[PDB]
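Below you'll find only one chain, the form deposited in one PDB entry, shown as structure tokens.
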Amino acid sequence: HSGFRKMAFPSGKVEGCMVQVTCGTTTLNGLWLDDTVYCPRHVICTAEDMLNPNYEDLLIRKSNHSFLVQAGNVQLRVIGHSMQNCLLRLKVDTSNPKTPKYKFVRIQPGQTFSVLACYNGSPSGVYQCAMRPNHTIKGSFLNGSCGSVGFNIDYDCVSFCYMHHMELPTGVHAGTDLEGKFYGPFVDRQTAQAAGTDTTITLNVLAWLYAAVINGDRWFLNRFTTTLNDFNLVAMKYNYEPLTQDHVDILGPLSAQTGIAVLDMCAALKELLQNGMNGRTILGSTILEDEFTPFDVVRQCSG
């Protein structure tokens, strides 16, 4: 039992920032940082506006007095409002005393983050997930979950990277960064939008193989190597993402810890793809995991 486990970041710093935002009877979640509340702009939609909302026209009919923002049941009065891409920015009359040190970041495909799933401004649960190559997430969300956020924590600083907006017909999820710019080609309206065909996150498969070596499972290592270009051409024929120069460097620490060169681990993965596992397991499993990152492996080696 290796102890390598998917973990969420402790959510308390984000819990202290969750509020509910209501227009009429539509309620979703918002993020309260200093004296601003961020939330998805479709809170202003009625059922008849959802199919193809004219958000600019809808917001013309709205005043500060139209928005009910609550921390629990305590109202926070709105003193200003504007739209920023697919988000509303609501200025409120109170600076959140629980505001952590924070940044807004744009996540890249293959990277992971924690999601604090919230309903009516009340946190329900926290889980880890990855941004897929096709710019969706395999989340877990019910009605009322919009405005739940995704985040990473680095020491004392919360990096917010995702705000939740919609579900796609295949049951995966789409959303924006905290500037309101969607990840992927998606738009916030009540229409069926197909995601592109997904691929396997090669960087994380390689991390998982390094994790298996660290734990003493090494049957899949070989005495051969590959060039990066040759590997990437084979990868794409197996619907694996190509490796980038950044990916190779991210794997530096695991390569150094194990003494297995990145391109030698790529050669091992190429052999697994072409030959299959033919029965065997890796870290107790028959299929290769692709949502456990190099950062996760390294972090969980020692205390």
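Quick note: we count residues from 1 along the sequence shown, nothing fancier.
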Inset, instruction - Give the stretch, out of 42 to 50 and 258 to 266, with the larger mean C-alpha temperature factor in the deposited entry. - result: 42 to 50
Inset, instruction - Look up the CA B-factors in the entry and say which stretch, 279 to 287 or 19 to 27, has the higher mean. - result: 279 to 287
Inset, instruction - Specify which of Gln75, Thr170, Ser148, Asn96 carries the largest Cα B factor in the deposited PDB entry. - result: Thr170
Inset, instruction - Kindly indicate the residue among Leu58, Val37, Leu243, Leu68 with the greatest C-alpha B-factor in the PDB record. - result: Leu58
Inset, instruction - Consider only the C-alpha atoms of the modelled residues in this chain, order them by B-factor as the entry records it, and name the third containing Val298: lowest, middle or highest. - result: middle
Inset, instruction - Using the B-factor values recorded in the entry, state whether the Cα atom of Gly110 falls in the lowest, middle or highest third among the modelled residues of its chain. - result: middle
Legend entry - Modelled-residue ranking by C-alpha temperature factor, third containing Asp198: highest
Inset, instruction - Check where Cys86 lands among this chain's C-alpha B-factors and tell me if it's the lowest, middle or highest third. - result: middle
Legend entry - Third of chain Cα B-factors occupied by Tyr119: middle
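There is also a form deposited in another entry; it is not shown, and the following applies to it.
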Legend entry - Point of rigid-part switching between the shown form and the other one, i.e. the hinge, among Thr99, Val105, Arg77, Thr200: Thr200
Legend entry - Cα separation of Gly284 and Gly125 in the other entry versus here, shift of 3 Å or more: closer
Legend entry - Comparison of CA distance in the other entry with shown form for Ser159, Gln245, at least 3 Å: farther
